[PDB]
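# Descriptive structure summary
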Amino acid sequence: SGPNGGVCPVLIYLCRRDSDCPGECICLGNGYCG
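Calculation notes
- Residues numbered from 1 in each chain as written, not as in the entry; some residues may be left out.
- Heavy atoms only, no water.
- Residues with missing side-chain atoms left out of burial classes, pairs and counts.
- Helix = DSSP H or I, 4+ residues; strand = E, 2+ residues; numbered from the N terminus.
- Disulfide = S-S within 2.5 Å.
- Buried < 20%, exposed > 50% of the residue type's maximum accessible area, 1.4 Å probe, protein only.
- Core = buried A, V, L, I, M, F, W, Y, C linked by side-chain atoms within 4.5 Å.
- Contact = heavy atoms within 4.5 Å.

The deposited coordinates for this entry were obtained by X-ray crystallography, with a reported resolution of 1.45 Å.

### Some details on the overall build of the protein chain
Broken down by element type, the protein chain carries zero helices and zero strands. In terms of overall dimensions, the protein chain has a C-alpha envelope of 20 × 15 × 10 Å along the principal axes.

### Observations regarding the state of the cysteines
As enumerated under the stated definition, the model contains three disulfides in all. Disulfide pairing is shown between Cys8 and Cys25; the S-S distance is 2.0 Å. Between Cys8 and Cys25, the S-S dihedral sits near 105°, and the bridge is therefore right-handed. Bridging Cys15 to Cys27, the disulfide has an S-S length of 2.0 Å. The S-S bond linking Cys15 to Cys27 shows a torsion near 95°; that makes this disulfide right-handed. For the pair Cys15 and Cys27, a shared accessibility class is recorded, and that class is buried. Within the protein chain, bonded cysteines paired by disulfides and numbered along the sequence follow the pattern 1-4, 2-5, 3-6.

### Brief notes about the nonpolar core
Residues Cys15, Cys21, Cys25, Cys27 and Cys33 constitute the largest nonpolar core, which totals five residues. Each residue touching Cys25, except ones within four places of it in the same chain, is listed here: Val7, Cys8, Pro9, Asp18, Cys33 and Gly34.

This is the structure we're talking about:
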């Protein structure tokens, strides 16, 4: 989850940038969606 509205499922999901993550989740600095 990031500091936005919208929806971000609670899960373990690997990422390299925000756009890899579903919904409005962000990609944390270590490569996981939040």
